[PDB]
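how would this look folded up:
(one chain, ligands or ions: 1)
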Amino acid sequence: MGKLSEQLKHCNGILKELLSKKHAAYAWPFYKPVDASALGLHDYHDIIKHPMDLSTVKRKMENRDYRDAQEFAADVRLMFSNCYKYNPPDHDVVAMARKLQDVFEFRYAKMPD
Ligand SMILES: CNC(=O)c1cc(C(=O)N[C@H]2[C@@H]3COC[C@@H]32)cc([C@@H](OC)c2ccccc2)n1
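Numbers count the residues shown, from 1 in each chain. Next comes the structure:
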């Protein structure tokens with residue numbers, strides 16, 4: 001039970017919560033990669049250079065891609081940042097991003113030392 005493993009278990013706990021029924025009402029747009037073509041967002045990949053979503057974070061966690069909590073947090077925040085960059089701030093998806101990021105930031109702050 002080394003510090004990095006321990007901190008990544010906390011990250012995995014957060015990830016499970018973000019994917020849980022508890023938060024499904026505002027988390028669901030972040031479950032899978034933005035389907036730009038399907039949503040008619042033909043400028044999405046010109047504006048967003050590094051797409052990110054919770055399925056990609058889950059795949060990277062399962063594959064032991066993340067070496068520390070900082071790397072995991074950078075992907076979760078990239079996902080939110082992409083949402084805030086692309087969308088007008090009054091879009092429903094931005095309100096949902098804000099709510100899910102509140103869940104993330106408050107639990108991430110409870111990281112074991
Ligand atoms: C991470 N997801 C997104 O950023 C996103 C963007 C847009 C969308 O159209 N963005 C266009 C900008 C520019 O032009 C106007 C806004 C739509 C969706 C939908 O996901 C299924 C959706 C539909 C309803 C509620 C929540 C999310 N997600």
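
please count neighbours and contacts with C-alpha atoms only from this point.
Will do.

near the ligand, which residues of the protein?
Within reach of the ligand by CA under 6 Å from any ligand atom, the chain has these residues: 29-30, 34, 83, 86-87, 92-93.

identify those among these that sit within helices.
Residues from these lying in helices, with DSSP state H as the criterion: 83, 86, 92-93.

from those, list the buried ones, please.
Buried by 16 or more other CA atoms under 10 Å: 83, 93, out of these.

I'd like the ones in helices among the residues of the chain next to the ligand as JSON lines, with distance to residue 63 appended.
Formatted as JSON lines, those follow (distance: CA to CA, whole Å):
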{"residue": "83", "distance to residue 63": "25"}
{"residue": "86", "distance to residue 63": "29"}
{"residue": "92", "distance to residue 63": "32"}
{"residue": "93", "distance to residue 63": "29"}
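
which one of the residues of the chain next to the ligand is nearest residue 103?
Of all the residues of the chain next to the ligand, residue 30 has the smallest distance to residue 103: 13.6 Å, by CA to CA.

near the closest one, how many other residues are there?
Counted with other CA atoms under 10 Å, the neighbours of residue 30 add up to 24.

ok, the residues of the chain next to the ligand vs residue 111, which is closest?
Looking at these and their distance to residue 111, the nearest is residue 30, at 22.7 Å (CA to CA).

show me the contacts for the closest one.
By CA atoms under 8 Å, 6 or more residues apart in numbering, residue 30 lies in contact with 53-54, 79.

and those residues as JSON lines, adding neighbour count, secondary structure and distance to residue 42?
Below are those laid out as JSON lines (neighbours: other CA atoms under 10 Å; DSSP: H, G, I helix; E, B strand; the rest coil; distance: CA to CA, whole Å):
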{"residue": "53", "neighbour count": "20", "secondary structure": "coil", "distance to residue 42": "18"}
{"residue": "54", "neighbour count": "22", "secondary structure": "helix", "distance to residue 42": "22"}
{"residue": "79", "neighbour count": "21", "secondary structure": "helix", "distance to residue 42": "19"}
